[PDB]
């Protein structure tokens, strides 16, 4: 505000899920395993310098161990019956450099879906 977010269908662009995996996998603090994307719930965008994408997601623990496994969406699938958290990530994309940066990442408690 005065910015406006515009809603997008989460299947419009495969990049939205790539951006989700980028955001989730970048936040490694105090974890033994990477988190991964459970469900991309919604996507909103806003133009400033580049495009800001606000990604609301279910996030939960993957099978990939930090410092043993590199992160990839293909390798780092979900563990079974672990709780999820609701997370909102804001990623900025600069088309003119094909560059992606994480602006913010805010998560609920990791207590759901169990």
### Task
Select from region 100-109 the residues that are surrounded by fewer than 16 Cβ atoms within 10 Å (Cβ to Cβ) and closer than 12 Å to residue 26 by Cβ and list them in ascending order.
101, 102, 103, 104
### Query
Out of (1) surrounded by 13 or more Cβ atoms within 10 Å (Cβ to Cβ); (2) over 12 Å from the mean Cα position of the chain (by Cα), the odd one out for residue 97 is which?
(1)
### Query
Taking region 1-26 as the search range and keeping residues that are surrounded by fewer than 10 Cβ atoms within 10 Å (Cβ to Cβ) and either under 8 Å from the mean Cα position of the chain (by Cα) or without any contact (Cβ under 8 Å) to a residue 12 or more places away in the chain (or both), which one is nearest to residue 55 (Cα to Cα)?
14
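Quick check: anything in region 44-58 over 29 Å from residue 7 (Cβ atoms) and surrounded by 13 or more Cβ atoms within 10 Å (Cβ to Cβ)?
No: zero hits.
I'd like to know if region 71-87 contains one or more residues that are surrounded by 12 or more Cβ atoms within 10 Å (Cβ to Cβ), free of Cβ contacts under 8 Å to residues at least 24 places away in the same chain, out of contact with any strand residue (DSSP E or B) (no Cβ under 7 Å at 6 or more places or on another chain) and over 16 Å from residue 110 (Cα atoms). First the steps, then the outcome.
Here is the first cut: in region 71-87, the ones surrounded by 12 or more Cβ atoms within 10 Å (Cβ to Cβ) are 71-73, 75-79, 82-87.
Narrowing further to those that are free of Cβ contacts under 8 Å to residues at least 24 places away in the same chain: 72, 75.
Imposing the further condition that a residue be out of contact with any strand residue (DSSP E or B) (no Cβ under 7 Å at 6 or more places or on another chain) reduces the set to 72.
Subset that is over 16 Å from residue 110 (Cα atoms): 72.
Checking region 71-87: at least one residue is surrounded by 12 or more Cβ atoms within 10 Å (Cβ to Cβ), free of Cβ contacts under 8 Å to residues at least 24 places away in the same chain, out of contact with any strand residue (DSSP E or B) (no Cβ under 7 Å at 6 or more places or on another chain) and over 16 Å from residue 110 (Cα atoms).
All Cβ positions, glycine included, derive from the backbone under ideal geometry; neighbour counts span all protein chains shown. All of the numbers you see were taken from the coordinates with simple rules; none came from a lab.
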